[PDB]
Number of protein chains: 2
Amino acid sequence: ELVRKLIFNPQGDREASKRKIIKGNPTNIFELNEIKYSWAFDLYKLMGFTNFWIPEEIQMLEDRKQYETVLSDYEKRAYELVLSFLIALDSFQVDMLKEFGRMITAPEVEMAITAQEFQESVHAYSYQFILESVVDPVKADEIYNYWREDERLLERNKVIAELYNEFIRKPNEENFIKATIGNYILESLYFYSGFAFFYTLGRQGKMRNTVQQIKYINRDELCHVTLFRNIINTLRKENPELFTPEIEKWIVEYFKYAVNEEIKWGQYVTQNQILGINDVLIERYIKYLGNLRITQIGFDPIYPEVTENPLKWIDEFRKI
Amino acid sequence: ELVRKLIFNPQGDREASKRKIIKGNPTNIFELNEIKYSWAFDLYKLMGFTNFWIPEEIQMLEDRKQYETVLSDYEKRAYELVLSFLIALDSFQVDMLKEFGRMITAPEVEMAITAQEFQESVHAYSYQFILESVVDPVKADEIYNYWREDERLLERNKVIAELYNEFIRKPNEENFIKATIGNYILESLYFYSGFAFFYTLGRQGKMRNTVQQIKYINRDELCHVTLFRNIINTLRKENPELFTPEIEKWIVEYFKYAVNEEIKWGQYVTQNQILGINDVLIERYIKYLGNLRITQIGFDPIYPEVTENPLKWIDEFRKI
Ligand SMILES: [Fe+3]
Ligand SMILES: [Fe+3]
Ligand SMILES: [Fe+3]
Ligand SMILES: [Fe+3]
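Residues numbered from 1 in each chain as written, not as in the entry; some residues may be left out. Chains lettered and ligands numbered in written order. Heavy atoms only, no water. Residues with missing side-chain atoms left out of burial classes, pairs and counts.

Method of determination for the deposited model, per the PDB record: X-ray crystallography, at 2.100 Å resolution.

Going through the model one piece at a time under the given rule, you end up with 34 salt bridges over all chains. Residue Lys5(A) is joined to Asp95(B) by a salt bridge in which the shortest nitrogen-to-oxygen separation is 2.9 Å. Placement of the pair is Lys5(A) in the segment before α1 (38-50) and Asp95(B) in helix α3 (residues 73-103), with the two residues belonging to separate chains. With respect to burial, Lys5(A) and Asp95(B) carry one shared label: buried. As a salt-bridge pair, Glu99(A) and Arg4(B) come within 2.8 Å of each other at their nearest N and O atoms. Note that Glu99(A) is positioned in helix α3 (residues 73-103) and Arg4(B) in the segment before α1 (38-50), a pairing that runs across two chains. Per residue, the accessibility class of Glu99(A) equals that of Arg4(B), and both read buried. (Salt bridge = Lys/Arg side-chain N within 4 Å of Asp/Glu carboxyl O. Helix = DSSP H or I, 4+ residues; strand = E, 2+ residues; numbered from the N terminus. Buried < 20%, exposed > 50% of the residue type's maximum accessible area, 1.4 Å probe, protein only.)

Below, the discussion takes up the coordination of the iron ion (ligand 2). Residue and element names in this part refer to chain A. Protein coordination at the iron ion (ligand 2): the donors are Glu120 (OE), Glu187 (OE), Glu221 (OE) and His224 (ND1), at 2.1 to 2.4 Å from the metal. Geometry at the iron ion (ligand 2) is irregular, judged from the four donor atoms that bind it and their angles of 78 to 164° at the metal. Between consecutive donor residues of the iron ion (ligand 2), the sequence gaps follow E-x66-E-x33-E-x2-H. The iron ion (ligand 1) is placed at 3.7 Å from the iron ion (ligand 2), the two being bridged by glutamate 120. Here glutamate 120 is found in helix α4 (residues 107-134), whereas its partner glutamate 221 is found in helix α9 (residues 208-238), with 101 residues between them in sequence. Given the relative accessible area of 0%, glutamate 120 is considered buried. (Donors = N, O, S within 2.8 Å, 3.2 Å for Na, K, Ca; no water. Tetrahedral: all angles 85-135°; square planar, octahedral: opposite > 155°, others 65-115°.)

Here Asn272(A), not a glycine, exhibits a phi torsion of approximately 55°, which is positive. Locating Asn272(A) in the fold gives a position in the loop between α10 (245-270) and α11 (279-296). One non-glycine residue, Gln271(B), lies in positive phi territory at about 70°. Within the secondary structure, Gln271(B) sits in the loop between α10 (245-270) and α11 (279-296).

Between the two copies, chain B and chain A, the superposition gives an RMSD of 0.0 Å; the rotation angle is 180° and the shift along the axis is 0.0 Å. Such values leave the two copies arranged in the relation of a two-fold axis. It is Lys98(B) whose C-alpha, among those of chain B, lies nearest the rotation axis, at 2.7 Å. The residues that chain B uses at the interface reappear at the interface of chain A in 100% of cases, marking a shared surface. (Least-squares fit on C-alpha atoms. Contact = heavy atoms within 4.5 Å.)

Another point: the coordination of the iron ion (ligand 1). Residue and element names in this part refer to chain A. At 1.9 to 2.6 Å from the iron ion (ligand 1) lie its protein donor atoms, namely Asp90 (OD), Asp90 (OD), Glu120 (OE) and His123 (ND1). For the iron ion (ligand 1), the four donor atoms in the first shell make angles of 55 to 143° at the metal, so the coordination geometry reads as irregular. Coordination of the iron ion (ligand 1) draws on donor residues from a single chain, spaced D-x29-E-x2-H in sequence.

We now examine the packing of α3(A) against α3(B). Running from amino to carboxyl end, α3(A) crosses α3(B) at an angle of 140°, the nearest separation of the two axes being 9 Å. In terms of their interaxial angle, α3(A) and α3(B) are classed as oblique. Between α3(A) and α3(B) the crossing geometry is left-handed. For the pair α3(A) and α3(B), contact is made by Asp95(A), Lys98(A), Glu99(A), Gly101(A) and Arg102(A) and by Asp95(B), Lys98(B), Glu99(B), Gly101(B) and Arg102(B), respectively. (Axes fitted to C-alpha atoms, helices over the stretch in contact; angles between N-to-C directions. Parallel < 35°, antiparallel > 145°, perpendicular 65-115°, else oblique. Left-handed = near helix turned anticlockwise from the far one by under 90°.)

Turning to the side chain of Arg293(B), a few remarks are in order. Within the secondary structure, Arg293(B) is located in helix α11. Contacts of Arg293(B), omitting those with residues within four sequence positions, involve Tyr184(B), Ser188(B), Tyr192(B), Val225(B) and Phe255(B).

Another aspect to go through is the layout of surface pockets. Any empty space left between the atoms is revealed when a probe the size of a water molecule rolls over them. In this model, the largest pocket occupies a volume close to 430 Å³. Around the largest pocket, the lining comprises 21 residues; the ones closest to its centre are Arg102(A), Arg102(B), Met103(B), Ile168(B) and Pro171(B). Within the residue set of the lining of the largest pocket, elements represented by two or more residues are α3 and α6 (151-169) of chain A together with α3 and α6 (151-169) of chain B. A breakdown of the residues in the lining of the largest pocket according to their chemical character gives 13 nonpolar, no polar and eight charged. (1 Å grid on protein atoms, 1.4 Å probe; cavity = no way out; pocket = protein on both sides within 12 Å on 5 of 7 lines; lining within 4 Å. Points joined across faces, edges and corners; volume = space filled by probe spheres on them. Nonpolar A, V, L, I, M, F, W, Y, C, P; charged D, E, K, R; others polar.)

This part is about the interface of chain B and chain A. In this assembly, 62 residues from chain B lie in contact with 62 residues from chain A. Both sides of the chain B and chain A interface together cover about 5700 Å² of buried area, and 66% of this is carbon and sulfur. Connecting chain B to chain A are ten salt bridges. For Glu99(A), the salt bridge identified is with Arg102(B), shortest N-O distance 2.7 Å. Our enumeration of links across chain B and chain A arrives at 24 residue pairs in polar contact. Put simply, the parts of the chain that give the side of chain B that touches chain A at least two residues each are α1, α3, α4 (107-134), α5 (137-144) and α6 of chain B. (Buried area = accessible area lost by both parts, 1.4 Å probe. Polar contact = N/O pair within 3.5 Å; in protein donor to acceptor, adjacent residues only side chain to side chain.)

Residues and elements named next belong to chain B. Relative to the helices and strands, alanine 78 is located in helix α3. Taking C-alpha positions, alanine 78 is 41 Å from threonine 105, a pair spaced 27 residues apart along the chain. The contact partners of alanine 78, leaving out residues within four places of it in the chain, are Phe197, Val269 and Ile274.

Shown next as structure tokens:
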């Protein structure tokens, strides 16, 4: 039962070395002359200053043309579905990162979560820019609300929410580790179906404006995955009494499930009607990412049959 | 008793016009194609993009010299006291703005609070830069910890915390309005003693490096005061059943008290030993700011005898 740190604790540890990710005894003054988690502070500077960007300084002259005329009915359908879902995710993220930040006892980590929260706000801004630019008013509202029409979308949403609401409802150390694992999956996996879609269009000279935006969001997402990787790993060291077998189990299940559901989504969005990728490929990408992410947090691959990356080209395309 | 909005509400209002600052019924998807609070969204763009800045791109070559040799024992004392306190305030702010953000039901306002939270993180970074630059390692740790020595500082801190902890402990609509009023005072008042100090040094060519930093923090602070002014005013319209007489009373008391305690601080810091301002001036500044701020949230002046600004010159100096 995670007690939320009070605003000022005069009986708080002076030694940065005594800091913990959770359940530490801080003053809650940001004593940033001493850093225990150099990665937390490095990631703050990287997200907050180095990688700063302005959505509206990206030019949206073309895409509205290509949307208006050059895109197939299936290509427009995927565009709507992917943007609707990513809008939902980034919305959940700005809201939920405030729950993590208020529970974390290392100020440098709180700093890194604050910057991540701000990056999620900019993403929300970028999607609003993309739609204000690329499509008409009614279509933009419809895309924001596409869950109101599409039960596969509505369910993806309610499901992601559920895991976060457990921790909000019942803020215990188990529901914390579960929520944190949820965050890592959501940013590990659930963005890269969408990222892959847009980078396909972009390979063939389709929607290069949108794809610029996405390159920045994707640069930010890799920082976010790295932050939560370190938090989960540091959480394992500092709190092994939380990575019980029952949990280490529930992790690998959800991590497999999630790799599944991302594929059932990638396939619903596209339906092999998109010139550049197919239901087979989808499966080899998510399976690939999923292994990686789970191994990067100290677990055995969940799909050993996969070891190459189907789309190794992305790594070079998405670059800025 | 403010129930904290769940992460996704499929029974949430579609019409932006139905949004409320608190106790609204949102989906918690950031439907930013429709804005009800244009000021909230304007303030987000202003804080997040327009006014972006990097503390470390400000040059800190000189100040360490002027600190090392050119500053009186009283001038060094004020420097330590003011920086120690402002470090404490910005720390409280990054932490507490997460409590407001999670309670607010208008996404554009949540967006504006997220950006403010990020600006508070940058301030934390700026103070760490200032001390890493301007003073030696042991002195920097001592300044972060100056509350551990100085009971006037320790009490200022515990007092600000107290008001925030009430709302955290007992998150009801009264403790919400109290906490929110606390935020407005803290950013209205408690920064401008410090701001005034540093701008004095800076007038006489003392610590112009620090003073650059402060100009940026002060530009950010005016955005923050404006945000909470609008929130309190919009809260009055949307929730008059909260600005009871008992509250409207407790407001004017605290607002007067706070103008008092800022002066008892300004005077402890300086002690008329600082060439540029005196215990009399201090009193005419805080009394001036305090009236203004309380009138700007629809109240009668608390010090009518004051109507001019003692230090009208600041407005022009602090500019960038
Ligand atoms: Fe995002
Ligand atoms: Fe993210
Ligand atoms: Fe600040
Ligand atoms: Fe502020």
